[PDB]
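Colleague: Below are the structure tokens for one structure; questions will follow.
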Amino acid sequence: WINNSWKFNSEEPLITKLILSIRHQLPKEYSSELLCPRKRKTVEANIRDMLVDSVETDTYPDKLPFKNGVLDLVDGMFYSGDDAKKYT
Amino acid sequence: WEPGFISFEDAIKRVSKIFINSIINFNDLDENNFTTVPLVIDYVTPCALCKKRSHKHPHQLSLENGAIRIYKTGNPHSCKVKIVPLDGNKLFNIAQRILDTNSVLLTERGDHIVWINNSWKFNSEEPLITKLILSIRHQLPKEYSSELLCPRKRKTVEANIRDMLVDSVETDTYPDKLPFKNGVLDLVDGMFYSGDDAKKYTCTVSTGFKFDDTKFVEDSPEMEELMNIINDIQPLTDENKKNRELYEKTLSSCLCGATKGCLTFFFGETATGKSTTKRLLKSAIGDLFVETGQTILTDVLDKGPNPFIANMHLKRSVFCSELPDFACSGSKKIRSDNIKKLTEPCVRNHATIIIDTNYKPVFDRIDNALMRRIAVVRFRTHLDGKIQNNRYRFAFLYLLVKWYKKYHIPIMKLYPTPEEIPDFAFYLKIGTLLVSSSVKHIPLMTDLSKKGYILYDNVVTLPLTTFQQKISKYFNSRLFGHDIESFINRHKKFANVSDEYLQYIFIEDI
Amino acid sequence: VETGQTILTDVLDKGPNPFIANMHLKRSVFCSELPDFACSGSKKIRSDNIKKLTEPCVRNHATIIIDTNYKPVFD
Amino acid sequence: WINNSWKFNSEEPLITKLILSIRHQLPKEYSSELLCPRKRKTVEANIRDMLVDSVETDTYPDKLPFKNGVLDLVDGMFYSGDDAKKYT
């Protein structure tokens with residue numbers, strides 16, 4: 001989930017890009033640790049080892065996706081940014 | 001405090017970790033008063049710096065050469081001095097500085113485009129980012145240059161750079177640019193960019209030769225000698241106005257990079273100056289111009305991997321044929337199945353197709369869809385080594401650019417010409433003579449009853465004999481037998497074994 | 001996505017069709033604007049292809065609408 | 001360019017052999033460190049990065065190449081050894 005969208009790739013990984021982009025939200029003493037690619041690879045390995053349960057994508061049939069958000073057909077409300085993260 | 005340094009509170013944290021003994025006034029230091037306020041150390045344990053019990057004078061810190069120096073006031077020699085560097089991961093700063101120049105970009109397809117030697121270079125197997133890192137050492141500050149010599153550090157910077165490109169851009173967007181080996185030229189403004197000024201336009205192709213402004217002048221003996229042939233083939237006469245307009249419009253569409261599939265026909269007698277333009281096209285555009293024959297027309301593009309189809313991408317103009325028609329007996333006729341896909345924007349295609357032929361050909365398959373793909377311009381009125389020597393390289397660029405700036409400004413629209421499309425005049429005439437049955441013709445039974453019309457499946461129908469007797473009076477079978485024989489079987493409907501009907505009514509009755 | 005009668009005429013199983021692989025998650029696909037097929041010289045509709053379109057597995061979510069001036073003829 | 005001849009190679013590395021052969025021509029202090037394979041690989045990695053421009057081979061149409069040199073036809077002299085290096 002980068003740039004307010006879900007991205008899919010099988011050859012160029014994006015977990016390292018996500019780790020690089022998350023630095024600001026982490027506590028300050030944690031941010032400076034992610035500048036070295038070796039540490040980013042270690043964190044990526046930990047994350048990969050820590051995912052064991054799978055989830056299904058494109059489940060809700062009554063949602064209208066958009067470049068900057070999603071639209072609810074039933075209620076006519078627009079959800080943008082983090083509010084659209086739940087709908088995969 | 002400088003942005004190149006590590007963050008302030010991190011420096012305070014490491015300074016705290018130096019001193020085992022707890023600090024009393026640790027919260028009173030900010031980014032503006034650290035060098036002034038002396039540090040108050042509650043020496044529960046002996047001084048961590050020099051192991052003596054307590055100091056008569058408090059310690060103090062200062063920032064010299066991007067490093068925090070820990071020293072004791074009063075007599076500094078009674079306590080040992082520590083140094084704490086403040087620079088953070090110099091390689092990341094180098095990656096920041098390199099990326100700020102917009103020299104490397106993501107091409108949206110999974111590769112990377114690198115700006116080296118005044119060009120954008122594609123590559124999929126050999127690394128080009130490292131070459132860029134080695135080349136940009138001079139633009140970077142002095143202290144950053146020495147690190148970029150070790151291959152391991154260059155690999156680290158490449159790894160850092162690869163992780164900060166999360167946005168994709170599209171290449172070859174502007175369709176009004178002429179690429180060149182040493183820059184890019186603008187059609188609408190007639191000025192040449194070179195070097196870094198051309199970096200904003202992401203052109204991945206070039207004509208293969210440099211641009212010379214010395215030859216590009218208003219008047220020269222060479223262009224004066226050339227313009228005579230062009231003026232002779234099409235004289236500037238009032239009766240030759242629409243033909244000259246079509247001729248000017250069809251040539252100057254080659255420079256435009258718009259995606260379009262409207263074909264044009266060069267019809268005229270042989271050895272009438274038509275053949276002179278084919279060499280000037282190659283001498284003008286150069287690499288982007290590619291000549292080919294009818295092999296594309298005949299061979300099926302879908303069947304098998306066609307290298308020509310894979311390699312025609314990013315080609316401004318493609319000359320369809322160079323040899324006279326094979327429309328006579330013993331050769332494969334013109335098939336329209338291949339001409340449908342070349343008009344579509346995606347196969348991405350960018351070529352302009354022009355066919356020159358001395359005689360009108362015949363099409364095996366025909367419908368109404370061909371009006372949007374066929375246009376013709378005809379010649380009415382009436383050495384080789386010089387062109388190969390690139391003698392007239394600019395004399396034809398000037399003609400094309402002057403035509404483009406004269407008329408090719410508003411839009412790239414080619415009006416098709418049905419004036420003399422072969423084996424189409426009879427079909428166009430019969431289009432206005434035959435109309436299909438519809439709801440609007442149903443309430444006309446008062447007028448159609450005398451014609452013998454019968455309503456089958458709520459459709460007005462006509463047997464073949466009446467159409468044949470009412471259609472043979474207008475034309476002789478001797479000259480138009482082919483079209484009528486090929487058309488009869490196309491639109492025959494059988495109500496039963498014995499009933500054959502056509503759902504078409506000639507308008508001349510009303 | 002808009003397309004024509006080629007998918008209707010051609011059998012999807014015969015040969016590799018990239019478009020059939022790329023139809024995945026396409027909400028609406030306009031099928032064709034084809035004219036009458038009762039006229040001579042036009043191949044009839046292959047009824048094998050329409051059977052698998054209804055099946056959920058090719059995931060599919062496309063809605064197919066066929067626009068014709070007059071009624072065609074099946075085989 | 002090894003043994004007075006230009007050679008292609010697509011699978012086996014030839015740059016390392018070139019370095020080992022050129023070892024003698026370098027200054028004396030530089031001859032010792034070329035014996036370690038790791039240093040030779042580092043030098044190869046360095047030299048692969050400074051070649052950004054490309055050249056074309058077999059461009060002169062009036063030469064007869066030989067095993068021990070190249071013969072010029074328009075005038076009639078033989079170039080052997082280093083003299084034939086300029087003609088690819």
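Naming works like this for the structure tokens: A, B, ... for the chains as they're shown, residue 1 at the start of each chain, ligands 1 onward in shown order.
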Please report, as a ChimeraX atom specification, each residue of region 214-317 of chain B to which DSSP assigns strand (DSSP E) when run on this structure's backbone.
Modeller: /B:264-267,290-291
Colleague: Write out as a Markdown table the residues of chain C that have any atom within 12 Å of an atom of chain A, one row each with the nearest atom pair and its distance in Å to one decimal, counting only C-alpha atoms, sorted by chain and then rising number.
Modeller:
| residue | atom | partner | partner_atom | distance |
| --- | --- | --- | --- | --- |
| C:24 | CA | A:58 | CA | 11.6 |
| C:25 | CA | A:58 | CA | 9.1 |
| C:27 | CA | A:64 | CA | 10.2 |
| C:59 | CA | A:58 | CA | 10.1 |
| C:60 | CA | A:58 | CA | 11.5 |
| C:61 | CA | A:61 | CA | 9.4 |
Colleague: Could you fit chain A onto chain D with a least-squares superposition over all C-alpha atoms, matched one to one in order, and give me the transformed chain as a JSON list (two decimals) with N, CA and C atoms, in the first residue's frame?
Modeller:
[["chain", "number", "residue", "atom", "x", "y", "z"],
["A", 1, "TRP", "N", 42.26, -7.88, -26.62],
["A", 1, "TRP", "CA", 43.41, -7.92, -27.51],
["A", 1, "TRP", "C", 44.53, -8.68, -26.79],
["A", 2, "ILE", "N", 44.59, -9.99, -27.02],
["A", 2, "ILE", "CA", 45.62, -10.84, -26.45],
["A", 2, "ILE", "C", 46.29, -11.62, -27.57],
["A", 3, "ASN", "N", 47.59, -11.86, -27.42],
["A", 3, "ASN", "CA", 48.37, -12.63, -28.39],
["A", 3, "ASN", "C", 48.26, -12.05, -29.79],
["A", 4, "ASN", "N", 48.33, -10.72, -29.87],
["A", 4, "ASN", "CA", 48.33, -10.00, -31.15],
["A", 4, "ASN", "C", 47.11, -10.33, -32.00],
["A", 5, "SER", "N", 45.94, -10.38, -31.36],
["A", 5, "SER", "CA", 44.70, -10.65, -32.07],
["A", 5, "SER", "C", 43.53, -10.21, -31.20],
["A", 6, "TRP", "N", 42.42, -9.87, -31.86],
["A", 6, "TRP", "CA", 41.19, -9.52, -31.17],
["A", 6, "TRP", "C", 40.35, -10.78, -31.00],
["A", 7, "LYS", "N", 39.97, -11.09, -29.77],
["A", 7, "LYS", "CA", 39.19, -12.28, -29.47],
["A", 7, "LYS", "C", 37.80, -11.90, -28.99],
["A", 8, "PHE", "N", 36.84, -12.78, -29.27],
["A", 8, "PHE", "CA", 35.44, -12.55, -28.96],
["A", 8, "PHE", "C", 34.93, -13.74, -28.15],
["A", 9, "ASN", "N", 34.27, -13.46, -27.03],
["A", 9, "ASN", "CA", 33.68, -14.50, -26.22],
["A", 9, "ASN", "C", 32.51, -13.93, -25.43],
["A", 10, "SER", "N", 31.51, -14.77, -25.19],
["A", 10, "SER", "CA", 30.32, -14.37, -24.46],
["A", 10, "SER", "C", 30.09, -15.14, -23.17],
["A", 11, "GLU", "N", 30.81, -16.24, -22.95],
["A", 11, "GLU", "CA", 30.61, -17.05, -21.75],
["A", 11, "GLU", "C", 31.84, -17.11, -20.85],
["A", 12, "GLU", "N", 33.04, -17.27, -21.42],
["A", 12, "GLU", "CA", 34.26, -17.19, -20.62],
["A", 12, "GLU", "C", 34.87, -15.81, -20.79],
["A", 13, "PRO", "N", 34.89, -14.98, -19.75],
["A", 13, "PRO", "CA", 35.47, -13.64, -19.89],
["A", 13, "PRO", "C", 36.98, -13.71, -20.06],
["A", 14, "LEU", "N", 37.51, -12.70, -20.76],
["A", 14, "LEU", "CA", 38.94, -12.59, -20.96],
["A", 14, "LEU", "C", 39.52, -11.31, -20.37],
["A", 15, "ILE", "N", 38.70, -10.46, -19.76],
["A", 15, "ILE", "CA", 39.21, -9.25, -19.14],
["A", 15, "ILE", "C", 40.17, -9.60, -18.01],
["A", 16, "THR", "N", 39.86, -10.65, -17.25],
["A", 16, "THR", "CA", 40.76, -11.09, -16.19],
["A", 16, "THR", "C", 42.08, -11.59, -16.77],
["A", 17, "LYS", "N", 42.02, -12.33, -17.88],
["A", 17, "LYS", "CA", 43.24, -12.78, -18.54],
["A", 17, "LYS", "C", 44.07, -11.59, -19.02],
["A", 18, "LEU", "N", 43.40, -10.58, -19.58],
["A", 18, "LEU", "CA", 44.11, -9.37, -20.00],
["A", 18, "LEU", "C", 44.78, -8.68, -18.82],
["A", 19, "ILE", "N", 44.07, -8.56, -17.70],
["A", 19, "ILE", "CA", 44.64, -7.93, -16.52],
["A", 19, "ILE", "C", 45.86, -8.70, -16.04],
["A", 20, "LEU", "N", 45.78, -10.03, -16.07],
["A", 20, "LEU", "CA", 46.92, -10.85, -15.67],
["A", 20, "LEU", "C", 48.11, -10.64, -16.61],
["A", 21, "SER", "N", 47.84, -10.51, -17.91],
["A", 21, "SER", "CA", 48.93, -10.41, -18.88],
["A", 21, "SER", "C", 49.53, -9.00, -18.98],
["A", 22, "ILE", "N", 48.83, -7.97, -18.50],
["A", 22, "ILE", "CA", 49.34, -6.60, -18.61],
["A", 22, "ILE", "C", 50.35, -6.25, -17.53],
["A", 23, "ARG", "N", 50.50, -7.09, -16.51],
["A", 23, "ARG", "CA", 51.24, -6.71, -15.30],
["A", 23, "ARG", "C", 52.61, -6.12, -15.61],
["A", 24, "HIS", "N", 53.30, -6.67, -16.61],
["A", 24, "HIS", "CA", 54.68, -6.26, -16.87],
["A", 24, "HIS", "C", 54.77, -4.79, -17.29],
["A", 25, "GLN", "N", 53.84, -4.32, -18.12],
["A", 25, "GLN", "CA", 53.91, -2.95, -18.60],
["A", 25, "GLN", "C", 53.56, -1.93, -17.53],
["A", 26, "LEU", "N", 52.86, -2.34, -16.48],
["A", 26, "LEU", "CA", 52.51, -1.43, -15.41],
["A", 26, "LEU", "C", 53.74, -1.09, -14.57],
["A", 27, "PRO", "N", 53.68, 0.00, -13.80],
["A", 27, "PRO", "CA", 54.77, 0.28, -12.85],
["A", 27, "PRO", "C", 54.95, -0.87, -11.88],
["A", 28, "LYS", "N", 56.17, -1.00, -11.37],
["A", 28, "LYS", "CA", 56.56, -2.19, -10.62],
["A", 28, "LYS", "C", 55.67, -2.39, -9.39],
["A", 29, "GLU", "N", 55.42, -1.32, -8.64],
["A", 29, "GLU", "CA", 54.60, -1.44, -7.43],
["A", 29, "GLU", "C", 53.16, -1.81, -7.73],
["A", 30, "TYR", "N", 52.72, -1.70, -8.99],
["A", 30, "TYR", "CA", 51.38, -2.10, -9.38],
["A", 30, "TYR", "C", 51.29, -3.57, -9.77],
["A", 31, "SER", "N", 52.40, -4.17, -10.20],
["A", 31, "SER", "CA", 52.36, -5.53, -10.73],
["A", 31, "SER", "C", 51.99, -6.54, -9.66],
["A", 32, "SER", "N", 52.58, -6.43, -8.47],
["A", 32, "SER", "CA", 52.34, -7.40, -7.41],
["A", 32, "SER", "C", 50.92, -7.36, -6.87],
["A", 33, "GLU", "N", 50.16, -6.31, -7.18],
["A", 33, "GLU", "CA", 48.80, -6.20, -6.67],
["A", 33, "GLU", "C", 47.80, -7.03, -7.46],
["A", 34, "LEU", "N", 48.16, -7.49, -8.66],
["A", 34, "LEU", "CA", 47.23, -8.16, -9.56],
["A", 34, "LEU", "C", 47.27, -9.68, -9.44],
["A", 35, "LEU", "N", 48.05, -10.22, -8.50],
["A", 35, "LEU", "CA", 48.13, -11.67, -8.35],
["A", 35, "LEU", "C", 46.92, -12.25, -7.64],
["A", 36, "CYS", "N", 46.19, -11.45, -6.87],
["A", 36, "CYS", "CA", 45.03, -11.95, -6.15],
["A", 36, "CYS", "C", 43.79, -11.85, -7.04],
["A", 37, "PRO", "N", 43.04, -12.94, -7.22],
["A", 37, "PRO", "CA", 41.86, -12.89, -8.10],
["A", 37, "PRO", "C", 40.82, -11.87, -7.66],
["A", 38, "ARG", "N", 40.69, -11.63, -6.36],
["A", 38, "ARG", "CA", 39.72, -10.64, -5.88],
["A", 38, "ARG", "C", 40.02, -9.26, -6.43],
["A", 39, "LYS", "N", 41.30, -8.86, -6.39],
["A", 39, "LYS", "CA", 41.68, -7.56, -6.93],
["A", 39, "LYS", "C", 41.48, -7.51, -8.44],
["A", 40, "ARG", "N", 41.73, -8.62, -9.14],
["A", 40, "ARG", "CA", 41.48, -8.65, -10.58],
["A", 40, "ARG", "C", 40.00, -8.47, -10.88],
["A", 41, "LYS", "N", 39.13, -9.10, -10.08],
["A", 41, "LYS", "CA", 37.69, -8.90, -10.26],
["A", 41, "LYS", "C", 37.29, -7.46, -10.00],
["A", 42, "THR", "N", 37.88, -6.84, -8.98],
["A", 42, "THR", "CA", 37.57, -5.44, -8.70],
["A", 42, "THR", "C", 37.99, -4.54, -9.86],
["A", 43, "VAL", "N", 39.18, -4.77, -10.40],
["A", 43, "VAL", "CA", 39.66, -3.98, -11.53],
["A", 43, "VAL", "C", 38.76, -4.20, -12.74],
["A", 44, "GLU", "N", 38.33, -5.44, -12.97],
["A", 44, "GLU", "CA", 37.43, -5.72, -14.08],
["A", 44, "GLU", "C", 36.11, -4.99, -13.91],
["A", 45, "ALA", "N", 35.58, -4.95, -12.69],
["A", 45, "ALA", "CA", 34.34, -4.22, -12.44],
["A", 45, "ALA", "C", 34.51, -2.74, -12.72],
["A", 46, "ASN", "N", 35.64, -2.16, -12.30],
["A", 46, "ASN", "CA", 35.90, -0.76, -12.59],
["A", 46, "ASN", "C", 35.97, -0.51, -14.09],
["A", 47, "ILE", "N", 36.66, -1.40, -14.82],
["A", 47, "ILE", "CA", 36.79, -1.24, -16.26],
["A", 47, "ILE", "C", 35.42, -1.31, -16.93],
["A", 48, "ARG", "N", 34.60, -2.28, -16.52],
["A", 48, "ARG", "CA", 33.26, -2.42, -17.09],
["A", 48, "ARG", "C", 32.42, -1.19, -16.82],
["A", 49, "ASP", "N", 32.53, -0.62, -15.61],
["A", 49, "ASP", "CA", 31.78, 0.59, -15.30],
["A", 49, "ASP", "C", 32.33, 1.82, -16.01],
["A", 50, "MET", "N", 33.56, 1.77, -16.51],
["A", 50, "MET", "CA", 34.18, 2.93, -17.13],
["A", 50, "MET", "C", 34.06, 2.95, -18.65],
["A", 51, "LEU", "N", 33.33, 2.01, -19.25],
["A", 51, "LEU", "CA", 33.08, 2.00, -20.69],
["A", 51, "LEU", "C", 31.62, 2.35, -20.94],
["A", 52, "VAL", "N", 31.39, 3.48, -21.60],
["A", 52, "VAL", "CA", 30.03, 3.92, -21.91],
["A", 52, "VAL", "C", 29.80, 4.12, -23.40],
["A", 53, "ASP", "N", 30.84, 4.31, -24.20],
["A", 53, "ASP", "CA", 30.71, 4.56, -25.63],
["A", 53, "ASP", "C", 31.07, 3.30, -26.41],
["A", 54, "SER", "N", 30.32, 3.04, -27.47],
["A", 54, "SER", "CA", 30.49, 1.84, -28.27],
["A", 54, "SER", "C", 31.22, 2.16, -29.57],
["A", 55, "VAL", "N", 31.88, 1.14, -30.12],
["A", 55, "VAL", "CA", 32.61, 1.25, -31.37],
["A", 55, "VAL", "C", 32.17, 0.12, -32.30],
["A", 56, "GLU", "N", 32.38, 0.34, -33.59],
["A", 56, "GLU", "CA", 31.99, -0.62, -34.62],
["A", 56, "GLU", "C", 33.21, -1.36, -35.14],
["A", 57, "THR", "N", 33.05, -2.66, -35.36],
["A", 57, "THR", "CA", 34.13, -3.52, -35.81],
["A", 57, "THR", "C", 33.98, -3.85, -37.29],
["A", 58, "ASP", "N", 35.11, -4.20, -37.92],
["A", 58, "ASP", "CA", 35.16, -4.56, -39.33],
["A", 58, "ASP", "C", 34.60, -3.43, -40.20],
["A", 59, "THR", "N", 35.25, -2.28, -40.13],
["A", 59, "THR", "CA", 34.83, -1.09, -40.85],
["A", 59, "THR", "C", 35.57, -0.89, -42.16],
["A", 60, "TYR", "N", 36.89, -1.04, -42.17],
["A", 60, "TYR", "CA", 37.67, -0.80, -43.37],
["A", 60, "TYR", "C", 37.49, -1.96, -44.34],
["A", 61, "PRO", "N", 37.01, -1.71, -45.57],
["A", 61, "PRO", "CA", 36.82, -2.81, -46.52],
["A", 61, "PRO", "C", 38.07, -3.16, -47.31],
["A", 62, "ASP", "N", 39.12, -2.35, -47.24],
["A", 62, "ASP", "CA", 40.30, -2.50, -48.08],
["A", 62, "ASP", "C", 41.49, -2.97, -47.27],
["A", 63, "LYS", "N", 41.26, -3.89, -46.34],
["A", 63, "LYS", "CA", 42.31, -4.46, -45.52],
["A", 63, "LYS", "C", 42.26, -5.98, -45.61],
["A", 64, "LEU", "N", 43.43, -6.59, -45.69],
["A", 64, "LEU", "CA", 43.53, -8.05, -45.77],
["A", 64, "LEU", "C", 44.07, -8.59, -44.46],
["A", 65, "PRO", "N", 43.24, -9.22, -43.63],
["A", 65, "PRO", "CA", 43.72, -9.73, -42.34],
["A", 65, "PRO", "C", 44.60, -10.96, -42.51],
["A", 66, "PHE", "N", 45.40, -11.21, -41.48],
["A", 66, "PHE", "CA", 46.28, -12.37, -41.44],
["A", 66, "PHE", "C", 46.44, -12.81, -39.99],
["A", 67, "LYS", "N", 47.06, -13.97, -39.80],
["A", 67, "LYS", "CA", 47.27, -14.48, -38.45],
["A", 67, "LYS", "C", 48.25, -13.62, -37.66],
["A", 68, "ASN", "N", 49.24, -13.03, -38.32],
["A", 68, "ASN", "CA", 50.26, -12.25, -37.65],
["A", 68, "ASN", "C", 50.26, -10.78, -38.04],
["A", 69, "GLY", "N", 49.23, -10.30, -38.73],
["A", 69, "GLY", "CA", 49.18, -8.91, -39.11],
["A", 69, "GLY", "C", 48.05, -8.66, -40.09],
["A", 70, "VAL", "N", 48.13, -7.50, -40.74],
["A", 70, "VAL", "CA", 47.16, -7.09, -41.75],
["A", 70, "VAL", "C", 47.92, -6.49, -42.93],
["A", 71, "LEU", "N", 47.37, -6.67, -44.12],
["A", 71, "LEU", "CA", 47.99, -6.20, -45.35],
["A", 71, "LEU", "C", 47.11, -5.14, -46.00],
["A", 72, "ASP", "N", 47.73, -4.04, -46.41],
["A", 72, "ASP", "CA", 47.02, -2.96, -47.09],
["A", 72, "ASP", "C", 47.01, -3.22, -48.59],
["A", 73, "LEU", "N", 45.82, -3.40, -49.15],
["A", 73, "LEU", "CA", 45.70, -3.66, -50.58],
["A", 73, "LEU", "C", 46.12, -2.45, -51.41],
["A", 74, "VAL", "N", 45.77, -1.25, -50.96],
["A", 74, "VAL", "CA", 46.02, -0.05, -51.75],
["A", 74, "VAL", "C", 47.52, 0.20, -51.89],
["A", 75, "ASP", "N", 48.27, 0.10, -50.79],
["A", 75, "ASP", "CA", 49.67, 0.48, -50.77],
["A", 75, "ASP", "C", 50.63, -0.70, -50.71],
["A", 76, "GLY", "N", 50.14, -1.91, -50.46],
["A", 76, "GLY", "CA", 51.01, -3.07, -50.38],
["A", 76, "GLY", "C", 52.00, -3.04, -49.23],
["A", 77, "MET", "N", 51.56, -2.60, -48.06],
["A", 77, "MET", "CA", 52.40, -2.58, -46.86],
["A", 77, "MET", "C", 51.80, -3.50, -45.81],
["A", 78, "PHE", "N", 52.66, -4.19, -45.08],
["A", 78, "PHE", "CA", 52.24, -5.12, -44.04],
["A", 78, "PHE", "C", 52.44, -4.49, -42.67],
["A", 79, "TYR", "N", 51.37, -4.49, -41.87],
["A", 79, "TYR", "CA", 51.40, -3.99, -40.51],
["A", 79, "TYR", "C", 51.20, -5.16, -39.56],
["A", 80, "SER", "N", 52.12, -5.33, -38.62],
["A", 80, "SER", "CA", 52.09, -6.45, -37.70],
["A", 80, "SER", "C", 52.23, -5.96, -36.26],
["A", 81, "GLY", "N", 51.74, -6.77, -35.33],
["A", 81, "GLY", "CA", 51.85, -6.42, -33.93],
["A", 81, "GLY", "C", 50.93, -5.27, -33.56],
["A", 82, "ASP", "N", 51.49, -4.32, -32.80],
["A", 82, "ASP", "CA", 50.69, -3.20, -32.32],
["A", 82, "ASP", "C", 50.21, -2.31, -33.46],
["A", 83, "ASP", "N", 50.90, -2.33, -34.60],
["A", 83, "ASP", "CA", 50.51, -1.49, -35.73],
["A", 83, "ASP", "C", 49.16, -1.90, -36.31],
["A", 84, "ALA", "N", 48.75, -3.15, -36.12],
["A", 84, "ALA", "CA", 47.47, -3.63, -36.63],
["A", 84, "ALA", "C", 46.34, -3.50, -35.62],
["A", 85, "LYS", "N", 46.61, -2.94, -34.44],
["A", 85, "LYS", "CA", 45.57, -2.83, -33.42],
["A", 85, "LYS", "C", 44.47, -1.87, -33.83],
["A", 86, "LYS", "N", 44.81, -0.82, -34.58],
["A", 86, "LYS", "CA", 43.81, 0.18, -34.95],
["A", 86, "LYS", "C", 42.70, -0.42, -35.81],
["A", 87, "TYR", "N", 43.06, -1.29, -36.75],
["A", 87, "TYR", "CA", 42.07, -1.95, -37.60],
["A", 87, "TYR", "C", 41.43, -3.09, -36.82],
["A", 88, "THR", "N", 40.17, -2.91, -36.45],
["A", 88, "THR", "CA", 39.45, -3.91, -35.65],
["A", 88, "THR", "C", 38.94, -5.00, -36.57]]
Colleague: What's the 10 Å shell around residue 227 (chain B), counting only C-alpha atoms, without same-chain residues fewer than 5 positions away, as a ChimeraX atom specification?
Modeller: /B:222,232,395-396,399
Colleague: Between CA of residue 74 (chain C) and CA of residue 36 (chain C), what is the distance in Å, rounded to a tenth?
Modeller: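 So the answer is 10.7 Å.
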Colleague: Considering only helix (DSSP H, G or I) as DSSP defines it on the backbone, what residues of chain C qualify? List them as a list in words.
Modeller: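 Assigned to helix (DSSP H, G or I), within chain C: residues 6, 7, 8, 9, 18, 19, 20, 21, 22, 47, 48, 49, 50, 51, 52, 53 and 54 of chain C.
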Colleague: For a test of reading the model, state the distance in Å between CA of residue 261 (chain B) and CA of residue 367 (chain B), rounded to one decimal.
Modeller: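 Between CA of residue 261 (chain B) and CA of residue 367 (chain B) the gap works out to 17.5 Å.
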Colleague: I want to know what sits within 12 Å of residue 272 (chain B), based on only C-alpha atoms, with residues of the same chain fewer than 5 positions away left out; could you give that as a ChimeraX atom specification?
Modeller: /B:229-230,232-234,266-267,277,358,378-382
Colleague: Any idea which chain B residues end up within 9 Å of chain C if we count only C-alpha atoms, as a PyMOL selection string please?
Modeller: chain B and resi 489-493
Colleague: Could you list, as a list in words, the residues of chain B having an atom within 9 Å of chain A when counting only C-alpha atoms?
Modeller: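 Close to chain A, chain B has residues 6, 7, 9, 10, 88, 89, 92, 110, 156, 159, 160, 162, 163, 164, 165, 166 and 167 of chain B.
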Colleague: Print the selection's residues with N, CA and C atoms to a file, as a CSV table (one decimal), in the first residue's frame.
Modeller:
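The resulting out_38.csv:
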chain,number,residue,atom,x,y,z
B,6,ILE,N,23.1,14.3,11.4
B,6,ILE,CA,22.0,13.5,11.9
B,6,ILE,C,21.1,14.4,12.8
B,7,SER,N,19.9,13.9,13.1
B,7,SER,CA,19.0,14.7,13.8
B,7,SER,C,19.5,15.0,15.2
B,9,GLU,N,18.1,15.3,18.4
B,9,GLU,CA,17.9,14.5,19.6
B,9,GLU,C,18.6,13.2,19.6
B,10,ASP,N,18.9,12.7,18.4
B,10,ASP,CA,19.8,11.5,18.3
B,10,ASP,C,21.2,11.8,18.9
B,88,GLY,N,25.5,11.6,8.9
B,88,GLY,CA,24.7,10.4,8.9
B,88,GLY,C,24.5,9.7,7.5
B,89,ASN,N,25.2,8.6,7.3
B,89,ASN,CA,25.0,7.7,6.2
B,89,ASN,C,25.2,8.5,4.9
B,92,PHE,N,23.4,7.9,1.6
B,92,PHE,CA,22.1,8.3,1.4
B,92,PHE,C,22.0,9.8,0.9
B,110,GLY,N,9.0,-1.6,-16.0
B,110,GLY,CA,9.9,-2.4,-15.2
B,110,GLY,C,11.4,-2.1,-15.4
B,156,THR,N,25.9,0.1,-3.3
B,156,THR,CA,25.1,0.5,-2.2
B,156,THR,C,24.3,1.7,-2.6
B,159,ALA,N,21.5,0.6,-4.9
B,159,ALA,CA,20.4,0.0,-4.1
B,159,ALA,C,19.6,1.0,-3.4
B,160,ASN,N,20.2,2.1,-2.9
B,160,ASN,CA,19.4,3.1,-2.3
B,160,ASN,C,18.5,3.8,-3.3
B,162,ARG,N,17.4,2.7,-6.2
B,162,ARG,CA,16.3,1.9,-6.7
B,162,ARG,C,15.1,1.8,-5.8
B,163,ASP,N,15.3,2.1,-4.5
B,163,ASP,CA,14.2,2.1,-3.6
B,163,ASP,C,13.4,3.4,-3.4
B,164,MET,N,13.9,4.5,-4.0
B,164,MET,CA,13.2,5.7,-3.9
B,164,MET,C,12.4,6.1,-5.1
B,165,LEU,N,12.3,5.2,-6.1
B,165,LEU,CA,11.6,5.5,-7.3
B,165,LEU,C,10.3,4.7,-7.2
B,166,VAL,N,9.2,5.3,-6.8
B,166,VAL,CA,7.9,4.7,-6.6
B,166,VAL,C,6.9,5.2,-7.7
B,167,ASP,N,7.3,6.2,-8.5
B,167,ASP,CA,6.4,6.8,-9.5
B,167,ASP,C,6.9,6.4,-10.8
Colleague: Take CA of residue 391 (chain B) and CA of residue 219 (chain B) and report the distance between them in Å, one decimal.
Modeller: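 Computed distance, CA of residue 391 (chain B) to CA of residue 219 (chain B), equals 15.4 Å.
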Colleague: Could you pull the residues within 8 Å of residue 48 (chain C), counting only C-alpha atoms, minus those fewer than 3 positions along the same chain, as a list in words?
Modeller: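 Here the answer would be residues 11, 51 and 52 of chain C.
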